[PDB]
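Read the structure below first, then the notes.
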Ligand SMILES: *[C@@H]1O[C@H](CO)[C@@H](O)[C@H](O)[C@H]1NC(C)=O
Ligand SMILES: *[C@@H]1O[C@H](CO)[C@@H](O)[C@H](O)[C@H]1NC(C)=O
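Protein chains in written order, with PDB author numbering: chain B, 656 to 676, 689 to 705; chain H, 1 to 114.
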């Protein structure tokens with residue numbers, strides 16, 4: 656998956672996986700959090 | 001190895017019958033659950049029919065009474081007999097399978113003429 660989310664399960668090297676509504692389990696690059704600008 | 005290979009689609013007149021032969025090299029028993037999907041060009045894919053290892057069968061509203069599922073335990077394949085084909089069955093029917101991991105086949109177009 657291209658989209659990024661919070662890490663649910665850690666696998667390593669900035670990759671994370673979770674179960675969601689193809690493969691039942693998906694993998695994605697972890698997102699550090701919501702972006703902001705001041 | 002090709003897995004879930006499909007065969008039996010093509011051109012057919014309205015109201016006819018047809019047979020498609022999605023077959024896979026794997027043990028038909030262990031796979032435990034097989035489905036069917038068609039995707040009319042421009043129409044989001046949609047589930048057709050389902051059947052589990054136990055034997056329970058479900059169909060969509062536009063499916064029952066016209067074509068039912070079947071699977072002989074002699075040659076590893078799932079049989080679904082098209083009957084009384086109409087124009088809005090024109091789509092790309094694909095058989096889908098899932099053991100502990102997902103499996104997918106190439107599908108096959110279906111065209112009905114009127
Ligand atoms: C989306 O993912 C595909 C394959 O995973 C990749 O080829 C493509 O570059 C990605 N696009 C974006 C915008 O992330
Ligand atoms: C597995 O079962 C199929 C029928 O479902 C049969 O044709 C085949 O010979 C069987 N294989 C073994 C190793 O028992």
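Note that beta-carbon positions come from the ideal geometry of N, C-alpha and C, so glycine has one too.
Under 8 Å from the C-beta of residue i: neighbouring residues of chain H
{"i": "residue 690 (chain B)", "result": "101, 102"}
Beta-carbon gap between residue i and residue j smaller than 9 Å
{"i": "residue 12 (chain H)", "j": "residue 18 (chain H)", "result": "yes"}
{"i": "residue 672 (chain B)", "j": "residue 692 (chain B)", "result": "yes"}
{"i": "residue 38 (chain H)", "j": "residue 89 (chain H)", "result": "yes"}
{"i": "residue 26 (chain H)", "j": "residue 3 (chain H)", "result": "yes"}
Residue i versus residue j - alpha carbon distance
{"i": "residue 49 (chain H)", "j": "residue 703 (chain B)", "result": "47 Å"}
{"i": "residue 662 (chain B)", "j": "residue 6 (chain H)", "result": "38 Å"}
{"i": "residue 85 (chain H)", "j": "residue 15 (chain H)", "result": "4 Å"}
{"i": "residue 80 (chain H)", "j": "residue 42 (chain H)", "result": "24 Å"}
{"i": "residue 44 (chain H)", "j": "residue 92 (chain H)", "result": "11 Å"}
{"i": "residue 10 (chain H)", "j": "residue 40 (chain H)", "result": "14 Å"}
{"i": "residue 664 (chain B)", "j": "residue 105 (chain H)", "result": "30 Å"}
Proximal residues to residue i (C-beta, below 8 Å), its chain only, five neighbours per side dropped
{"i": "residue 77 (chain H)", "result": "21, 22, 23, 24, 28, 71"}
Sequence-distant residues of the same chain with beta carbon closer than 7 Å to residue i, five excluded per side
{"i": "residue 658 (chain B)", "result": "695"}
{"i": "residue 107 (chain H)", "result": "6, 92, 93, 94"}
{"i": "residue 58 (chain H)", "result": "50"}
Cβ-based neighbour list, residue i, same chain, cut-off 6 Å, excluding 5 preceding and 5 following
{"i": "residue 82 (chain H)", "result": "17, 18, 67"}
Quiz item: Using 8 Å as the Cβ pair cut-off and three pairs as the minimum, do the region 51 to 63 of chain H and the region 30 to 39 of chain H touch?
Solution: At 8 Å Cβ cutoff, the stretches touch.
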